[PDB]
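A.B. asks: Give me a 3D structure for the following:
(one chain, ligands or ions: 1)
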Amino acid sequence: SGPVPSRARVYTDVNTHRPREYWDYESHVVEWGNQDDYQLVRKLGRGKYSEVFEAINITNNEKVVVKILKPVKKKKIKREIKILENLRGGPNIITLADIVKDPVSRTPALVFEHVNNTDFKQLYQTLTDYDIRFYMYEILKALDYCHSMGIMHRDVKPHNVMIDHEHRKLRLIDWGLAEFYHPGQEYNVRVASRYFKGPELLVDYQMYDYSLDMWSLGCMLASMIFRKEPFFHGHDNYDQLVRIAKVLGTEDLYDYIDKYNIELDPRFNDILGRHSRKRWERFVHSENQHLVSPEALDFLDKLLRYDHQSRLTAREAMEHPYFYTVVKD
Ligand SMILES: O=C(O)c1ccc(/C=N/N=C2c3ccccc3-c3ccccc32)cc1
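C.D. replies: Residues are numbered from 1 along each chain as shown. This is the structure:
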């Protein structure tokens with residue numbers, strides 16, 4: 001018989017009604033800028049798929065970021081480019097300023113606006129209750145926008161949320177794992193970072209959607225209000241589901257599995273055990289209590305659910321009482 005199909009409960013048909021050119025990234029013709037406009041200053045980091053540099057646009061003396069892509073998985077490149085251009089101008093979305101061909105790597109190099117970022121490790125130790133709510137709302141603006149545009153990020157994690165704390169500014173970055181949502185489409189479950197992988201990924205359910213980002217967001221929220229980084233600390237993808245099950249319980253996991261007619265990897269049989277759902281108060285202590293409120297716990301509870309269809313959508317999340325105290329623009 002196989003697994004039961006699933007559909008996003010919102011923005012389901014956005015791509016089906018757009019021109020083919022919008023989501024057919026393979027046919028996208030990249031318009032190239034002049035690589036000589038930019039001078040590399042220092043290397044900021046090297047990821048699995050790229051190297052990131054601080055640079056300067058010598059045509060306006062403005063600081064920029066240059067992301068030089070590695071010559072691996074070429075399809076991945078046009079996908080990120082198309083998604084960046086599609087989302088450009090949206091609230092709290094990183095702005096792609098240019099695309100040039102790097103003369104040395106002989107690969108595409110993405111030029112982004114410069115954002116004076118604070119290290120998340122140092123920053124999460126600092127955030128007040130108000131600031132957690134403020135920045136969560138800003139992240140939600142970004143996620144609702146890309147979801148409404150038919151795109152799931154699929155790599156929401158602290159590293160991909162760049163915050164300029166001095167100016168109260170936030171950008172969602174690295175859309176290299178982002179995809180267009182097409183209802184009924186089966187996707188690769190090898191996305192996101194381990195600690196932020198939704199249950200759908202960990203049980204190998206391929207027909208997922210925007211709600212994946214909302215699980216990841218929930219993981220971030222839990223790490224912020226409970227001051228535990230990361231909140232679900234698996235030592236591999238299998239232990240990762242066990243960690244989640246020790247909090248949300250095994251019965252709701254099996255119900256989830258049963259609902260979508262999924263068959264768990266049999267290796268879970270000797271390690272999953274039997275666990276009751278824990279009350280969120282379990283994780284409150286003297287050092288995080290000032291960050292926890294009934295509102296915060298209700299919100300978290302509605303994000304961290306096994307069933308991806310039952311999680312709050314981005315727009316619903318923005319309606320939650322948790323954000324009543326946040327001053328709106
Ligand atoms: O992949 C992307 O979309 C992407 C977009 C923008 C940036 C910019 N990053 N900036 C900084 C950075 C990156 C890695 C490690 C350290 C830093 C840093 C330190 C101070 C000021 C800015 C940055 C990256 C990727």
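
A.B. asks: Do any residues in the lengthiest helix in the chain lie close to the ligand?
C.D. replies: The longest helix of the chain (DSSP state H) is helix 129-148. No: using C-beta under 6 Å from any ligand atom, we find that helix 129-148 stays clear of the ligand, coming within 12.4 Å at best. Using the backbone N, CA and C atoms, a C-beta is placed for each residue, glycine as well.

A.B. asks: just how off-centre is that helix within its chain?
C.D. replies: 12 Å (C-alpha atoms, centre = their mean, to the nearest Å).

A.B. asks: Centre of the chain to the helix or strand following it, how far?
C.D. replies: Using DSSP states H and E, the next helix or strand after helix 129-148 towards the C-terminus is strand 151-152. Distance of strand 151-152 from its chain centroid, counting by C-alpha atoms, centre = their mean, is 10 Å.

A.B. asks: May I have the strands that pair with strand 151-152, each with its orientation?
C.D. replies: For strand 151-152, the paired strands and their directions (DSSP bridges) read strand 179-180 (antiparallel).

A.B. asks: what's next to the partner strand, contact-wise?
C.D. replies: 15, 23, 25, 79, 83, 150, 151, 152, 154, 187 (C-beta atoms under 8 Å, 6 or more residues apart in numbering).

A.B. asks: Now the last one: closest residue in space that isn't a chain neighbour?
C.D. replies: It stands for residue 187. The spatial neighbour of residue 187 that comes closest, neighbours along the chain excluded (C-beta to C-beta, 6 or more residues apart in numbering), is residue 206 at 5.6 Å.

A.B. asks: so where do the strands sit in the stretch 1-150 of the chain?
C.D. replies: 38-46, 50-57, 62-69, 96-101, 108-113 (DSSP state E, counting those that start in this stretch).

A.B. asks: May I see the buried residues of the fourth one?
C.D. replies: Looking back up the chat, that one is strand 96-101. 96, 97, 98, 99, 100 (16 or more other C-beta atoms under 10 Å).

A.B. asks: residues in contact with the second one?
C.D. replies: Which is residue 97. By C-beta under 8 Å, 6+ apart, residue 97 lies in contact with 57, 64, 111, 112, 113.

A.B. asks: Now flag whichever of the contacts of strand 179-180 is closest to the ligand.
C.D. replies: Relative to the ligand, the closest of the contacts of strand 179-180 is residue 83; by C-beta to the nearest ligand atom it sits at 10.3 Å.

A.B. asks: helices and strands around the host helix or strand of residue 217, which ones?
C.D. replies: With elements taken from DSSP H and E, the one containing residue 217 is helix 211-225. Secondary-structure packing of helix 211-225 (3 or more C-beta pairs under 8 Å, 6 or more residues apart in numbering; DSSP states H and E): helix 129-148, helix 199-202, helix 294-303, helix 314-318.

A.B. asks: Please repeat the previous calculation with a cut-off of 10 Å.
C.D. replies: For helix 211-225, the helices and strands in contact under the criterion 3 or more C-beta pairs under 10 Å, 6 or more residues apart in numbering; DSSP states H and E are helix 120-124, helix 129-148, strand 151-152, helix 199-202, helix 237-248, helix 294-303, helix 314-318.

A.B. asks: Can I get the ones you listed in TSV including mean neighbour count?
C.D. replies: TSV is the format used below for the helices and strands packed on helix 211-225 (neighbours: other C-beta atoms under 10 Å):
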stretch	mean neighbour count
helix 120-124	15
helix 129-148	20
strand 151-152	26
helix 199-202	25
helix 237-248	19
helix 294-303	17
helix 314-318	19
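
A.B. asks: Which of the ones you listed sits closest to residue 19?
C.D. replies: Counting by C-beta to C-beta, residue 19 lies closest to strand 151-152 out of those; the figure is 15.4 Å.

A.B. asks: Checking the nearest residue to residue 249 once chain neighbours are set aside next. Helix, strand or coil?
C.D. replies: On the basis of C-beta to C-beta, 6+ apart, the spatially nearest residue to residue 249 that is not a chain neighbour turns out to be residue 277, at 3.5 Å. Three-state call for residue 277 (DSSP: H, G, I helix; E, B strand; the rest coil): coil.
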